[PDB]
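One-letter residues, chain by chain:
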Amino acid sequence: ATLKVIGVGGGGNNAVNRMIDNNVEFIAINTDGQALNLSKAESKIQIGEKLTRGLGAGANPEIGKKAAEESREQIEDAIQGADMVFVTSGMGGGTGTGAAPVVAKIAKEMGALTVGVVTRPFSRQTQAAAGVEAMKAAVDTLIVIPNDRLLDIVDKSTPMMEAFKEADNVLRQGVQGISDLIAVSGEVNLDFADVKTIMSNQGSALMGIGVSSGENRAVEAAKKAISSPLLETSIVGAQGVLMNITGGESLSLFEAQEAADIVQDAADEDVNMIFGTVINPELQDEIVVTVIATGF
Ligand SMILES: [Cl-]
Ligand SMILES: [Cl-]
Ligand SMILES: [Cl-]
């Protein structure tokens, strides 16, 4: 499975520059031609050249949205061949904010599992909130992750793709009535209220993702999956919890039972829990635990 990481706008370009420093391709997209010159990505696309001709360096999301639509054909050609796509506009609230949803819409309408990666903190009248809402509408799964843990999505790409495929199958079948899902990785400083606005009023779920390898991998992966402030409060009171651990041939029943215990003890006593264990060679020595909390 081939992955493509697309940084949109100044923020995404800087994110992409850091992640370059494999089997993952990097694309940089921006309305600002001056900034793409500073991108280290092998694939660069300047979008909306007709639309932005004569303008200066602007911060209008609408220009970015229409810039991406003007260059739709160039974007499809660069994404062609991608199984999964990571789209992020990074720490910026300008054109990239508007272009990034369109890039995801293209990746999605091309049949690639499309993940929106949000590093910019948010919660309502900021441009950040508007962008996050727009991205949410366009992607299969939105994932919120600390800016300093950004390299994890490329470093641990194969386990992450298993987690996003799990979220995809949960949505498709409406497991435990879930119809809307946001993913979390790392020490994301948020509570359900900060994201309640932009999720469906019934069927909303939060998925924590923990990945680890080496010694005490199962314990660490399971604890990271529930260590985010967002999962710590949501897991308490959660009427339902979907728990899955996936590893390679080396995954023992001891590691699987321990991970389940850690999640069960954190969860409510009356919680309706579904436990899953999967032996998947492709993970090699990596472990990934997903914990989906619903029914708040
Ligand atoms: Cl899809
Ligand atoms: Cl930061
Ligand atoms: Cl699998």
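Each chain carries its own residue count, running from 1 in the order of its written sequence; this scheme can depart from the entry numbering, and residues that have no coordinates do not appear. Here every chain gets a letter starting at A, and every ligand a number starting at 1, in the order they are written. The basis for every side-chain value is the complete set of non-hydrogen atoms in the structure, without hydrogens or water.

Method information in the entry identifies X-ray crystallography as the source of the structure, with 2.155 Å recorded as the resolution.

Novice: Is there a simple way to think about the overall build of the protein in this case?
Specialist: Per the convention used, a helix needs a DSSP run of H or I reaching at least four residues, while a strand needs a run of E reaching at least two, with both numbered from the N terminus. Within the protein one finds 13 helices and eleven strands. In this treatment the radius of gyration is a C-alpha quantity, and the globule benchmark scales as 2.2 Å times the residue count to the 0.38 power. Since a compact globule built from 296 residues should have a radius of gyration of about 19 Å, the 19 Å found for the protein is in line with a globular shape. C-alpha extents for the protein along the principal axes are approximately 60 × 40 × 30 Å. Each residue gets one of three labels from its accessible area relative to the maximum for its type: buried under 20%, exposed over 50%, partly exposed in between, using a 1.4 Å probe on protein chains only. Here the protein, with 296 residues, has 55% of them falling under the buried criterion. When the accessible surface of the protein is summed, it comes to about 13,200 Å², and 46% of that surface belongs to carbon and sulfur atoms. Positive charges come from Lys and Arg alone, negative charges from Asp and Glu alone, with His and the N- and C-terminal ends not counted. For the purpose of locating charges, the reference atoms are NZ of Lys, CZ of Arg, CG of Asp and CD of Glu. Each charge sign in the protein was given a centre, from 22 positive and 39 negative side chains, and these centres are 9 Å apart. We get accessible surface area from the Shrake-Rupley algorithm with a probe of 1.4 Å; when it comes to residues, only the shown protein chains can shield them.

Novice: What am I meant to see in the environment of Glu220 here?
Specialist: Considering the arrangement of structural elements, one finds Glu220 in helix α11 (residues 217–226). Aside from chain neighbours lying at most four places away, what touches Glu220 is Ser212 and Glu215. Residue contacts are defined here by distance: any two heavy atoms, one from each residue, within 4.5 Å place the two residues in contact.

Novice: Can you walk me through the sheet that holds strand β11 (residues 286–294) in this structure?
Specialist: Pairing between strands is defined by DSSP: at least two bridges between them are needed. The mixed open sheet is built from eleven strands, whose spatial order is β3-β2-β1-β4-β5-β6-β7-β8-β11-β9-β10. Of all strands in the sheet, those with a lone pairing partner are β3 (43–46) and β10 (272–279), marking the two edges. Looking at each pair of strands side by side, their axes are set apart by 20 degrees on average, direction ignored. Bridge count between strand β6 (residues 141–144) and strand β7 (residues 180–184): three bridges; the pairing is parallel. The partner of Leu142 across the bridge, within β7, is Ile182. Strand contacts of α11: β8 (204–213) and β11, with the helix running at about 150 degrees to β8, the strand carrying the most contacts. Along the sheet, helix α13 (residues 253–266) makes contact with β9 (240–247), β10 and β11, crossing β9 at roughly 155 degrees. Axis lines are fitted through C-alpha atoms, for helices just across the contact stretch, and the angle between N-to-C directions can take any value from 0 to 180 degrees.

Novice: Is there a simple way to explain the packing of aromatic side chains in this structure?
Specialist: When we look at a pair of aromatic rings, we describe it by the centre distance and by the angle of the planes. Each pair of aromatic rings taken from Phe, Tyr and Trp, with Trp reduced to its six-membered ring, is defined by centres within 6.5 Å and is described as stacked if the planes are under 30 degrees apart, edge-to-face if over 60, and tilted in the remaining cases. Overall, the coordinates contain two aromatic pairs when judged by the stated rule. Taking the centre distance of 4.7 Å and the plane angle of 45 degrees together, the rings of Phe192 and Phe296 count as tilted. Here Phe296 lies in the segment after β11 and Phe192 lies in helix α10 (residues 192–196), a separation of 104 residues in the sequence. The class of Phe296 is partly exposed, set by a relative accessible area of 42%.

Novice: Would you mind showing me how to read empty space enclosed by the protein here?
Specialist: Space left empty within the atom packing is revealed by a probe, the size of a water molecule, rolled over the atoms. What the largest cavity holds in volume is close to 140 Å³. As for the largest cavity, its lining consists of 14 residues, of which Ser89, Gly90, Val118, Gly131 and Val132 are closest to the centre. Sorting the residues of the lining of the largest cavity by element identifies α6 (95–109), β5 (113–118) and α7 (127–138) as the ones contributing at least two each. Among the residues forming the lining of the largest cavity, the class breakdown is seven nonpolar, six polar and one charged. Using a 1 Å grid laid over the protein atoms alone, points where a 1.4 Å probe fits but cannot get out form a cavity; open sets with protein on both sides within 12 Å along at least 5 of 7 lines form a pocket; any residue with an atom within 4 Å of a point counts as lining. Grid points are joined across faces, edges and corners, and a volume is the space filled by probe spheres set on the points. By the convention adopted, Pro, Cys, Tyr, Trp, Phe, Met, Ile, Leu, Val and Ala count as nonpolar, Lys, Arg, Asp and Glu as charged, and the other residues, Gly among them, as polar.

Novice: In this structure, what is going on with the packing of helix α4 (residues 61–70) against α6? I would like to understand it.
Specialist: Angle between the axes and distance between the axes are the two parameters that describe a pair of packed helices. Running from amino to carboxyl end, α4 crosses α6 at an angle of 35 degrees, the nearest separation of the two axes being 6 Å. In terms of crossing hand, the pair formed by α4 and α6 is right-handed. In contact with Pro61, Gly64, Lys65, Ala68 and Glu69 of α4, α6 contributes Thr95, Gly98, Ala99, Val102 and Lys105. Classifying every residue of the contact of α4 with α6 gives four nonpolar, three polar and three charged. Each crossing gets its handedness from the near helix: less than a right angle anticlockwise from the far helix is left-handed, clockwise is right-handed.

Novice: In this structure, what is going on with the pairing of strand β4 (residues 84–88)? I would like to understand it.
Specialist: Two faces make up the sheet, and in a regular strand the side chains alternate between them. Within β4, five of the five residues are buried, which leaves the element mostly enclosed by the surrounding structure. Of the two faces of β4, the one lined by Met84, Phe86 and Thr88 and the one lined by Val85 and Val87 are each fully buried. With five bridges joining them, strand β1 (residues 3–8) and β4 adopt parallel strand pairing. Bridging across to β4, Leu3 finds its partner in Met84. Relative to β5, β4 runs parallel, the two being bridged by four bridges. When the sheet's bridge partners are listed, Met84 is paired in β5 with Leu113. In the classification by handedness, the crossover that spans β4, the intervening α6 and the parallel β5 is right-handed. Handedness rule for crossovers: strands pointing away from the viewer, path from the first strand over the helix to the second running clockwise, crossover right-handed.

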